[PDB]
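Next up is one chain by itself, shown in structure tokens, the form deposited in one PDB entry.
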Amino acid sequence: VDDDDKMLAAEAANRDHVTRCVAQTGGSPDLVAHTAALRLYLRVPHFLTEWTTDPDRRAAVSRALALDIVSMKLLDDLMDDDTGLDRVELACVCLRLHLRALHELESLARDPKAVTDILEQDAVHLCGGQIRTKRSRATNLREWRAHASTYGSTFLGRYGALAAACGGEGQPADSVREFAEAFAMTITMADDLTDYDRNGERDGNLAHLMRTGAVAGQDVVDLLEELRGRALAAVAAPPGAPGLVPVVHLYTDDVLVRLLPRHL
């Protein structure tokens, strides 16, 4: 049973925990299906908990993170209001998942207070950040990175910290977070470059800027390499999560090989 097998089982475990929860609180089939389709969001908790040595604790933190991450995703669907889903269900399920995650995370934390500490610390940076992002669309790679640094980096960074706080000892908290923030930016770029065609996104979309000439391909390549480097270093800090090395390369290379050509 290799790492991929662990990952695949973690992702399915997170998905089941999430859908069971959506269903029991009144979620409709379309809403349950919608959450089951948030693949990477369901997968990412597995990478964030790679430093956790007890398999049971790891599975429990992983699914708790998945509940809140899906929750935040639904809140995001609710503000964009473009999924066709019922706003009442979206709101209620969003709240319900979130509260269950708080409960599960706190029952796993060394200090229950650490969970709300982490969620509040940069709550202003994250929420004020999302507001500004949708307010003024980016016009160059500098502005794009600045924005993605909040809804992407700070957003996953928090779950990084939560994973270290709920993961017991042998957790280099700052590195887990560094990893999460650099990895989050790689995948946010990926999303941007996939959602241009799948969603028809334009304003502030990195793909659009690439096609309209406001952003050079080489600079995008450079940023990706800087992010890869940052992630690799984070996972090499002691105790170390060598299992994340190939994951960093996988997602980075996918953007370089599959996604960039689509826009140049």
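The term rigid core refers to the most C-alpha atoms you can superpose between the two forms while keeping them within 1.5 Å. In this text, residue numbers run from 1 along the sequence as written.
- Of the two segments, 163-171 and 114-122, the one listed with the higher mean B-factor is 163-171 (C-alpha atoms only).
- Looking at 211-219 and 229-237 together, the entry lists the larger mean B-factor for 211-219, computed on C-alpha atoms.
- Within the listed group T154, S71, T194, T188, the record reports its top CA B-factor for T194.
- Reading the B-factor column for the CA atoms of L105, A184, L90, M79 in the entry, the top value corresponds to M79.
- Annotation for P45: C-alpha temperature factor in the lowest third relative to the rest of the modelled chain, per the entry.
- Sorting the modelled residues of the chain by their CA temperature factor places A138 in the highest third.
- Ranked by C-alpha B-factor against the other modelled residues of its chain, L31 falls in the middle third.
- Residue-level temperature factors show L206 in the highest third of its chain, judged at the C-alpha atom.
- Among all modelled residues in this chain, the alpha-carbon of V1 has a temperature factor (C-alpha) in the highest third.
FYI, the form deposited in another entry isn't displayed, but the following is about it.
- In a core superposition between this form and the one not shown, the Cα of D197 is the only one among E225, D54, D219, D197 shifting by 2 Å or more.
- A shift of at least 3 angstroms brings the Cα atoms of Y251 and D203 nearer to each other in that other deposited form than in the displayed structure.
- In that other deposited form, the Cα positions of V88 and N199 lie at least 3 Å nearer to each other than in the form displayed.
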